[PDB]
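Below: one structure, written as structure tokens.
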Amino acid sequence: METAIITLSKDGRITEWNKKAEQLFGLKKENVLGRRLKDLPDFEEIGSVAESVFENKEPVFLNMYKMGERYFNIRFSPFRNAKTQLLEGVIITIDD
């Protein structure tokens, strides 16, 4: 699988959750949108990694990252608003 994407706001709230993420994690976008990723069971560690990547302003790419019983690559990409340059959130991309 490739391109499961969860995007978080500056405060850690789910602003995107694509079909690959629904497929991968078994939660529907409509049910998780607006919620804190770190509130979701089993997303505590990824939530805390996302918080750290945001605070430090440098991307993290983990390989051989175990979730459930599978290994993943997971990239955390901080991003800024084009106009304001305000650090706006983190895109999390998960691949096999």
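The end of the sequence shown is residue 518 by PDB author numbering, with every number in the run present. Using N, Cα and C, we set each Cβ at its ideal position, and we do this for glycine too.
{"Item": "Do you know how far the Cα of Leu455 is from the Cα of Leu484?", "Value": "25 Å"}
{"Item": "Does the contact criterion of 3 or more C-beta pairs under 8 Å hold for the segment 457 to 466 versus the segment 434 to 443?", "Value": "yes"}
{"Item": "On the three-state DSSP scale, how would you describe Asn495?", "Value": "strand"}
{"Item": "Kindly give me the distance between the Cβ atoms of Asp517 and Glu438, rounded to whole angstroms, as I take these residues to be in contact under 8 Å.", "Value": "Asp517 to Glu438, Cβ: 16 Å. No contact."}
{"Item": "For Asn485, does the three-state DSSP call read helix, strand or coil?", "Value": "strand"}
{"Item": "Looking at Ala472 and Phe501, is the spacing between their C-beta atoms short of 9 Å?", "Value": "no"}
{"Item": "Quick check on the DSSP output: the beta strand (DSSP E) that includes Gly511 runs from which residue to which?", "Value": "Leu509 to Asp517"}
{"Item": "Here's a check: name, in chain order, each residue in its chain whose Cβ is nearer than 7 Å to the Cβ of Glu466, leaving out the five neighbours to either side.", "Value": "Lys460"}
{"Item": "List the endpoints of the continuous beta strand (DSSP E) containing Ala426.", "Value": "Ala426 to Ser431"}
{"Item": "Name the DSSP bridge partner or partners of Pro500?", "Value": "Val512"}
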